[PDB]
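Have a look at my_file-v3.tsv below; it lists TSV, C-alpha atoms and all ligand atoms.
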chain	number	residue	atom	x	y	z
A	1	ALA	CA	17.38	7.36	3.51
A	2	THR	CA	13.64	7.12	2.94
A	3	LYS	CA	12.71	3.90	1.17
A	4	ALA	CA	9.54	2.54	-0.41
A	5	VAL	CA	8.44	-0.54	-2.35
A	6	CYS	CA	5.54	-1.60	-4.56
A	7	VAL	CA	4.32	-5.01	-5.68
A	8	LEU	CA	2.56	-4.78	-9.05
A	9	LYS	CA	-0.28	-7.26	-9.65
A	10	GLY	CA	-3.07	-7.52	-12.20
A	11	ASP	CA	-5.66	-9.74	-13.85
A	12	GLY	CA	-3.14	-11.47	-16.12
A	13	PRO	CA	0.59	-12.35	-16.18
A	14	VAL	CA	1.90	-8.88	-15.39
A	15	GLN	CA	3.71	-8.66	-12.09
A	16	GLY	CA	6.72	-6.87	-10.68
A	17	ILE	CA	8.52	-5.37	-7.72
A	18	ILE	CA	9.58	-1.73	-7.80
A	19	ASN	CA	11.84	-0.09	-5.21
A	20	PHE	CA	12.20	3.59	-4.32
A	21	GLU	CA	14.98	5.37	-2.44
A	22	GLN	CA	15.42	9.05	-1.64
A	23	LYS	CA	18.53	10.15	0.25
A	24	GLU	CA	17.36	13.69	1.02
A	25	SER	CA	13.98	15.39	0.95
A	26	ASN	CA	14.78	17.86	-1.84
A	27	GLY	CA	16.72	15.25	-3.79
A	28	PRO	CA	15.91	12.80	-6.59
A	29	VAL	CA	14.11	9.51	-6.02
A	30	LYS	CA	15.79	6.41	-7.39
A	31	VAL	CA	13.26	3.95	-8.81
A	32	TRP	CA	14.36	0.45	-9.76
A	33	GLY	CA	13.14	-3.11	-10.19
A	34	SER	CA	11.58	-5.24	-12.89
A	35	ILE	CA	8.21	-6.07	-14.39
A	36	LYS	CA	7.37	-9.35	-16.09
A	37	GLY	CA	4.52	-10.56	-18.31
A	38	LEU	CA	4.56	-7.55	-20.65
A	39	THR	CA	4.37	-7.33	-24.42
A	40	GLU	CA	7.77	-6.51	-25.93
A	41	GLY	CA	8.20	-2.74	-26.25
A	42	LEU	CA	7.06	0.43	-24.49
A	43	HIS	CA	4.63	0.71	-21.56
A	44	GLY	CA	3.34	3.75	-19.66
A	45	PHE	CA	4.53	3.86	-16.05
A	46	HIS	CA	2.68	6.25	-13.72
A	47	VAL	CA	1.81	7.06	-10.16
A	48	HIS	CA	-1.96	7.46	-9.82
A	49	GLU	CA	-3.62	9.49	-7.10
A	50	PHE	CA	-5.24	6.96	-4.77
A	51	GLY	CA	-3.82	3.90	-3.02
A	52	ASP	CA	-7.25	2.32	-3.43
A	53	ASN	CA	-7.14	-1.19	-4.86
A	54	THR	CA	-10.74	-2.14	-3.99
A	55	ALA	CA	-11.50	-2.44	-7.72
A	56	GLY	CA	-7.99	-3.45	-8.69
A	57	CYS	CA	-6.33	-0.76	-10.79
A	58	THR	CA	-9.68	0.77	-11.72
A	59	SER	CA	-10.02	2.51	-8.35
A	60	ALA	CA	-6.59	4.19	-8.38
A	61	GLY	CA	-7.99	7.40	-9.84
A	62	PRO	CA	-6.16	9.62	-12.37
A	63	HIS	CA	-2.48	10.38	-12.80
A	64	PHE	CA	-1.13	11.92	-9.61
A	65	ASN	CA	-0.80	15.67	-10.10
A	66	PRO	CA	-1.21	17.90	-7.02
A	67	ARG	CA	4.24	17.08	-16.85
A	68	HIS	CA	2.11	15.38	-14.22
A	69	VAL	CA	4.05	14.64	-11.05
A	70	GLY	CA	3.02	11.00	-11.45
A	71	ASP	CA	4.34	10.67	-15.00
A	72	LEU	CA	7.42	8.44	-14.81
A	73	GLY	CA	7.47	7.97	-18.58
A	74	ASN	CA	7.69	4.61	-20.31
A	75	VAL	CA	9.42	1.34	-19.50
A	76	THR	CA	10.64	-1.12	-22.14
A	77	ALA	CA	10.09	-4.89	-22.04
A	78	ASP	CA	12.44	-7.31	-23.80
A	79	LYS	CA	11.52	-10.30	-26.01
A	80	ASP	CA	10.76	-12.34	-22.87
A	81	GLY	CA	8.35	-9.68	-21.64
A	82	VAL	CA	10.68	-8.41	-18.91
A	83	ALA	CA	11.05	-4.68	-18.34
A	84	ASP	CA	14.02	-3.48	-16.35
A	85	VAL	CA	13.23	-0.29	-14.46
A	86	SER	CA	16.03	2.13	-13.64
A	87	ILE	CA	14.83	5.69	-13.19
A	88	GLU	CA	16.03	8.74	-11.30
A	89	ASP	CA	13.30	11.32	-10.89
A	90	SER	CA	13.38	14.73	-9.25
A	91	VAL	CA	9.65	15.53	-9.45
A	92	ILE	CA	8.19	12.69	-7.38
A	93	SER	CA	9.17	12.56	-3.71
A	94	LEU	CA	8.87	10.34	-0.64
A	95	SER	CA	7.88	13.35	1.48
A	96	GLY	CA	6.19	16.74	1.16
A	97	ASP	CA	3.42	17.59	-1.30
A	98	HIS	CA	4.81	15.42	-4.10
A	99	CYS	CA	4.89	12.42	-1.76
A	100	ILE	CA	3.88	9.19	-3.48
A	101	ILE	CA	3.79	6.91	-0.42
A	102	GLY	CA	0.30	5.44	-0.13
A	103	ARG	CA	-0.50	6.08	-3.79
A	104	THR	CA	-0.70	3.58	-6.65
A	105	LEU	CA	1.96	2.67	-9.20
A	106	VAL	CA	0.44	1.54	-12.52
A	107	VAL	CA	1.95	-0.02	-15.63
A	108	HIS	CA	-0.07	0.47	-18.81
A	109	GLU	CA	-0.90	-1.49	-21.96
A	110	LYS	CA	0.53	1.14	-24.32
A	111	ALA	CA	3.18	3.85	-24.40
A	112	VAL	CA	2.48	7.49	-23.54
A	113	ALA	CA	-1.76	4.68	-22.38
A	114	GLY	CA	-4.65	2.24	-22.67
A	115	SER	CA	-5.62	-0.29	-20.03
A	116	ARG	CA	-4.06	-0.60	-16.60
A	117	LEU	CA	-2.32	-3.98	-16.70
A	118	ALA	CA	-1.00	-4.10	-13.15
A	119	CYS	CA	-0.70	-1.92	-10.07
A	120	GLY	CA	0.14	-1.82	-6.40
A	121	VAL	CA	0.07	0.53	-3.43
A	122	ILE	CA	3.41	2.21	-2.67
A	123	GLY	CA	4.51	1.27	0.84
A	124	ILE	CA	7.21	2.18	3.35
A	125	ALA	CA	10.15	-0.22	3.07
A	126	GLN	CA	13.05	-1.33	5.26
B	1	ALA	CA	-4.98	12.55	3.64
B	2	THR	CA	-8.27	12.37	5.54
B	3	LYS	CA	-9.21	8.85	4.43
B	4	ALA	CA	-7.31	5.64	3.83
B	5	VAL	CA	-8.27	2.16	2.64
B	6	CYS	CA	-6.76	-1.31	2.79
B	7	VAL	CA	-7.53	-4.45	0.82
B	8	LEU	CA	-6.61	-7.52	2.88
B	9	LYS	CA	-5.48	-10.68	1.07
B	10	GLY	CA	-3.43	-13.74	1.95
B	11	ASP	CA	-2.42	-17.25	0.89
B	12	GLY	CA	-5.74	-18.59	2.15
B	13	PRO	CA	-9.39	-17.49	2.07
B	14	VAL	CA	-9.13	-14.45	4.37
B	15	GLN	CA	-10.10	-11.26	2.57
B	16	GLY	CA	-11.48	-7.90	3.51
B	17	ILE	CA	-11.67	-4.17	3.00
B	18	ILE	CA	-10.93	-1.77	5.84
B	19	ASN	CA	-11.54	1.98	5.77
B	20	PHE	CA	-9.85	4.65	7.88
B	21	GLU	CA	-11.12	8.19	8.35
B	22	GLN	CA	-9.50	11.08	10.19
B	23	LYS	CA	-11.43	14.26	9.40
B	24	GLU	CA	-9.41	16.33	11.88
B	25	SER	CA	-5.61	16.41	11.94
B	26	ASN	CA	-4.30	14.57	15.01
B	27	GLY	CA	-7.87	13.58	15.81
B	28	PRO	CA	-9.42	10.15	16.41
B	29	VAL	CA	-9.35	7.72	13.49
B	30	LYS	CA	-12.50	5.78	12.63
B	31	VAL	CA	-11.74	2.26	11.36
B	32	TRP	CA	-14.44	0.14	9.74
B	33	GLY	CA	-15.16	-2.61	7.25
B	34	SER	CA	-15.55	-6.34	7.00
B	35	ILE	CA	-13.25	-9.36	6.90
B	36	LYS	CA	-14.38	-12.82	5.80
B	37	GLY	CA	-12.85	-16.30	5.58
B	38	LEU	CA	-11.95	-16.34	9.27
B	39	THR	CA	-12.40	-19.04	11.89
B	40	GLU	CA	-15.14	-18.15	14.38
B	41	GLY	CA	-13.66	-16.24	17.31
B	42	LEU	CA	-11.05	-13.58	18.11
B	43	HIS	CA	-8.30	-12.48	15.73
B	44	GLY	CA	-5.44	-10.08	16.35
B	45	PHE	CA	-5.74	-6.91	14.27
B	46	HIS	CA	-2.54	-4.88	13.87
B	47	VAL	CA	-0.72	-2.31	11.81
B	48	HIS	CA	2.74	-3.64	10.95
B	49	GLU	CA	5.72	-1.46	10.17
B	50	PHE	CA	6.35	-1.93	6.47
B	51	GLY	CA	4.06	-1.64	3.46
B	52	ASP	CA	6.14	-4.40	1.88
B	53	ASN	CA	4.18	-7.22	0.25
B	54	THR	CA	7.11	-8.67	-1.72
B	55	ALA	CA	6.84	-11.90	0.28
B	56	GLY	CA	3.16	-11.66	1.12
B	57	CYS	CA	2.54	-10.94	4.78
B	58	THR	CA	5.92	-12.34	5.78
B	59	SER	CA	7.57	-9.09	4.67
B	60	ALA	CA	5.27	-6.77	6.65
B	61	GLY	CA	7.84	-6.36	9.43
B	62	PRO	CA	7.18	-6.13	13.16
B	63	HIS	CA	4.09	-4.80	14.92
B	64	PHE	CA	4.22	-1.01	14.34
B	65	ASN	CA	5.71	0.64	17.41
B	66	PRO	CA	8.02	3.58	16.74
B	67	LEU	CA	10.56	4.24	19.48
B	68	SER	CA	9.75	7.86	18.59
B	69	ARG	CA	0.24	-1.06	23.89
B	70	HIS	CA	2.02	-0.91	20.54
B	71	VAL	CA	0.92	2.03	18.36
B	72	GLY	CA	-0.19	-0.48	15.73
B	73	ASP	CA	-2.25	-2.56	18.16
B	74	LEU	CA	-5.90	-2.19	17.17
B	75	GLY	CA	-6.88	-5.08	19.45
B	76	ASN	CA	-8.87	-8.10	18.30
B	77	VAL	CA	-11.68	-8.47	15.77
B	78	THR	CA	-14.45	-11.04	16.27
B	79	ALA	CA	-15.54	-13.41	13.50
B	80	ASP	CA	-19.04	-14.90	13.64
B	81	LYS	CA	-20.33	-18.36	12.69
B	82	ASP	CA	-20.05	-17.54	8.98
B	83	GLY	CA	-16.44	-16.46	9.48
B	84	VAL	CA	-17.21	-12.77	9.02
B	85	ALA	CA	-15.71	-10.05	11.21
B	86	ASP	CA	-17.51	-6.71	11.13
B	87	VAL	CA	-15.17	-3.96	12.25
B	88	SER	CA	-16.09	-0.58	13.70
B	89	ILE	CA	-13.43	0.98	15.91
B	90	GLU	CA	-12.35	4.44	16.98
B	91	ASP	CA	-8.65	4.86	17.79
B	92	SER	CA	-6.79	7.92	19.03
B	93	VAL	CA	-3.25	6.49	18.85
B	94	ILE	CA	-2.88	5.70	15.15
B	95	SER	CA	-3.03	8.62	12.73
B	96	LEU	CA	-3.06	9.43	9.01
B	97	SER	CA	-0.22	11.93	9.53
B	98	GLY	CA	2.77	12.62	11.74
B	99	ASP	CA	4.85	10.25	13.85
B	100	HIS	CA	2.08	7.67	14.18
B	101	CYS	CA	1.14	7.81	10.50
B	102	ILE	CA	-0.01	4.45	9.13
B	103	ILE	CA	-0.28	5.42	5.47
B	104	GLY	CA	2.01	3.13	3.47
B	105	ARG	CA	2.25	0.59	6.27
B	106	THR	CA	0.56	-2.82	6.45
B	107	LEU	CA	-2.70	-3.86	8.11
B	108	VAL	CA	-2.63	-7.49	9.27
B	109	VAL	CA	-5.23	-9.93	10.59
B	110	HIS	CA	-3.85	-12.80	12.66
B	111	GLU	CA	-4.62	-16.49	13.17
B	112	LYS	CA	-5.22	-16.11	16.92
B	113	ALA	CA	-6.13	-13.49	19.52
B	114	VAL	CA	-3.35	-11.59	21.27
B	115	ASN	CA	0.75	-15.23	20.66
B	116	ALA	CA	-1.32	-14.00	17.69
B	117	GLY	CA	0.18	-16.69	15.46
B	118	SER	CA	0.30	-16.51	11.68
B	119	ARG	CA	-0.58	-13.54	9.51
B	120	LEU	CA	-3.65	-14.73	7.62
B	121	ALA	CA	-4.10	-11.67	5.42
B	122	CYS	CA	-2.64	-8.22	4.91
B	123	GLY	CA	-2.58	-5.19	2.65
B	124	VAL	CA	-0.80	-1.88	2.23
B	125	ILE	CA	-2.70	1.08	3.69
B	126	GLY	CA	-3.35	3.54	0.88
B	127	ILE	CA	-4.61	7.11	0.49
B	128	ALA	CA	-8.36	7.08	-0.29
B	129	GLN	CA	-9.17	10.80	-0.04
C	1	ZN	ZN	-1.60	6.13	-15.89
C	2	ZN	ZN	-0.13	12.10	-16.72
C	3	ZN	ZN	0.67	-8.42	14.47

Exercise: express the given structure as structure tokens:
Amino acid sequence: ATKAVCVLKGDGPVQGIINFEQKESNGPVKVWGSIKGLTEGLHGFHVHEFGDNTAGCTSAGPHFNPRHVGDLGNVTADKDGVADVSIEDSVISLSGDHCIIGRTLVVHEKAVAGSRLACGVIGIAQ
Amino acid sequence: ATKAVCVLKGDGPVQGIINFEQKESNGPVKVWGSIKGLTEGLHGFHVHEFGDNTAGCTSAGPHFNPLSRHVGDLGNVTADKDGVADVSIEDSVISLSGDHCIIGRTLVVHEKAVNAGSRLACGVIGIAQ
């Protein structure tokens, strides 16, 4: 299976590790992990176009959209600020034109989204 | 992708930004930028297999060398008296597509010249254009 991973980092307490797995090229991508340091409640969760972190999350560009392909909806943080992520998505991919490897995963201040709290470049994983 | 970019960071003071450009598919890749916080001298400069920063550079995996010079071996960079390494390389082995694609993998700068010792800084190679 194709696998990817992303370490989310930002200016404040928000941080997380998100994993991706896709068993076949025309199949769904499993996305799972956790994000900490969030306000309790809903937060926008998107793939943005560029894997450019030269200005932190500011340089990631817009939502990836070759719904937007990059729109993975919202994640929910508990009372301790921890969001569990467990998503299966059939629009994103780890190959082809909807490929998100080398792009940026971003978690937002608000639900969908306000400021970009944390982000990371999506990389090939073992 | 015709351009990629990498922000190098580590546990210490080594930091940098490296650009990659490949205007023609399967063509030479231009690699350029600057790295600072280095000891004066030669430093190994490699693409490693995994774009996995979960444990900093320790999770970057081995030197990139698909069993279909390592593919990921971009040689050594030279830091000056101020600890700054200016990079301007052309490489025809790495690529931004295909079997030797380095998008989503990790760029690493080492403690020593290549035996290269610790990984001082690294970053995931991302799509820039
Ligand atoms: Zn967004
Ligand atoms: Zn969108
Ligand atoms: Zn190396």

What is the atom CA of residue B:56-atom CA of residue B:114 distance in Å, reported with one decimal?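 Separation between atom CA of residue B:56 and atom CA of residue B:114: 21.2 Å.
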
Skipping near chain neighbours, those fewer than 3 positions away, what residues fall within 8 Å of residue A:19 using all atoms listed in the file, listed as a ChimeraX atom specification? /A:3-6,30-33

Give me the residues within 10 Å of residue A:23 as a list in words, counting only C-alpha atoms and dropping any in the same chain fewer than 2 places off.
residues 1, 2, 3, 21, 25, 26, 27, 28, 29, 30 and 94 of chain A

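Picture a line from atom CA of residue A:55 to atom CA of residue A:69; it runs 23.3 Å.
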
Within 7 Å of ligand ZN 3 (chain C), counting all atoms listed in the file, residues as a PyMOL selection string: chain B and resi 44-48+63+108+110+116

Atom CA of residue A:58 to atom CA of residue B:55 measures 24.0 Å

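Closest approach to ligand ZN 2 (chain C) among A:68, A:48, A:43, A:9 is made by A:68 (distances from all atoms listed in the file).
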
For chain A versus ligand ZN 2 (chain C), which residues have an atom no more than 8 Å away, and what is each residue's nearest atom pair and distance in Å rounded to one decimal, using only C-alpha atoms and all ligand atoms, chain-then-number order, as a Markdown table?
| residue | atom | partner | partner_atom | distance |
| --- | --- | --- | --- | --- |
| A:46 | CA | C:ZN2 | ZN | 7.1 |
| A:62 | CA | C:ZN2 | ZN | 7.8 |
| A:63 | CA | C:ZN2 | ZN | 4.9 |
| A:64 | CA | C:ZN2 | ZN | 7.2 |
| A:65 | CA | C:ZN2 | ZN | 7.6 |
| A:67 | CA | C:ZN2 | ZN | 6.6 |
| A:68 | CA | C:ZN2 | ZN | 4.7 |
| A:69 | CA | C:ZN2 | ZN | 7.5 |
| A:70 | CA | C:ZN2 | ZN | 6.2 |
| A:71 | CA | C:ZN2 | ZN | 5.0 |

(request) Could you give me, as an MDAnalysis selection string, the residues within 9 Å of stretch 74-78 of chain B, counting only C-alpha atoms and dropping anything in the same chain fewer than 3 positions from it? (result) chainID B and resid 40:47 70:71 83:87 89 91 94 109:110 112:114

Residues from the last selection, C-alpha atoms, saved as a tab-separated table (two decimals), in the coordinates of the input:
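Saved as selection.tsv:
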chain	number	residue	atom	x	y	z
B	40	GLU	CA	-15.14	-18.15	14.38
B	41	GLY	CA	-13.66	-16.24	17.31
B	42	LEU	CA	-11.05	-13.58	18.11
B	43	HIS	CA	-8.30	-12.48	15.73
B	44	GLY	CA	-5.44	-10.08	16.35
B	45	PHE	CA	-5.74	-6.91	14.27
B	46	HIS	CA	-2.54	-4.88	13.87
B	47	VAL	CA	-0.72	-2.31	11.81
B	70	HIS	CA	2.02	-0.91	20.54
B	71	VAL	CA	0.92	2.03	18.36
B	83	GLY	CA	-16.44	-16.46	9.48
B	84	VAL	CA	-17.21	-12.77	9.02
B	85	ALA	CA	-15.71	-10.05	11.21
B	86	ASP	CA	-17.51	-6.71	11.13
B	87	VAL	CA	-15.17	-3.96	12.25
B	89	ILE	CA	-13.43	0.98	15.91
B	91	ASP	CA	-8.65	4.86	17.79
B	94	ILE	CA	-2.88	5.70	15.15
B	109	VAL	CA	-5.23	-9.93	10.59
B	110	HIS	CA	-3.85	-12.80	12.66
B	112	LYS	CA	-5.22	-16.11	16.92
B	113	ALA	CA	-6.13	-13.49	19.52
B	114	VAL	CA	-3.35	-11.59	21.27

Near chain B, meaning an atom within 9 Å, which residues of chain A appear when counting only C-alpha atoms? Write them as number ranges by chain.
A: 4-7, 17, 49-54, 60, 101-104, 120-126

Nearest-residue call for residue B:65, choices B:34, B:101, B:88, B:80, using only C-alpha atoms |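 Counting only C-alpha atoms, the residue closest to residue B:65 is B:101.
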
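Each of A:87, A:57, A:111, A:47 was checked against ligand ZN 1 (chain C) using only C-alpha atoms and all ligand atoms; the smallest atom-to-atom distance is that of A:47.
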
**Item:** Top pick for closest residue to ligand ZN 1 (chain C), considering A:72, A:83, A:8, A:91 and counting only C-alpha atoms and all ligand atoms
**Value:**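 Distance minimum relative to ligand ZN 1 (chain C) lands on A:72.
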
Extract, using all atoms listed in the file, all DNA, RNA and protein residues at most 6 Å from residue B:10, discarding same-chain residues fewer than 2 positions from it, and format them as a list in words.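 Result of the neighbour search: residues 12, 120 and 121 of chain B.
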
Using the selection just defined, write its residues with C-alpha atoms as a short mmCIF file (atom, residue, chain, number, x, y, z; two decimals), in the coordinates of the input.
data_model
loop_
_atom_site.label_atom_id
_atom_site.label_comp_id
_atom_site.auth_asym_id
_atom_site.auth_seq_id
_atom_site.Cartn_x
_atom_site.Cartn_y
_atom_site.Cartn_z
CA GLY B 12 -5.74 -18.59 2.15
CA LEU B 120 -3.65 -14.73 7.62
CA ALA B 121 -4.10 -11.67 5.42
#

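Among A:80, A:45, A:100, A:88, the residue with the shortest atom-to-atom distance to ligand ZN 1 (chain C), counting all atoms listed in the file, is A:45.
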
Query - Using only C-alpha atoms: which of A:22, A:15, A:93, A:74 has the shortest distance to residue A:42 - result: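 Among the listed residues, A:74 lies closest to residue A:42.
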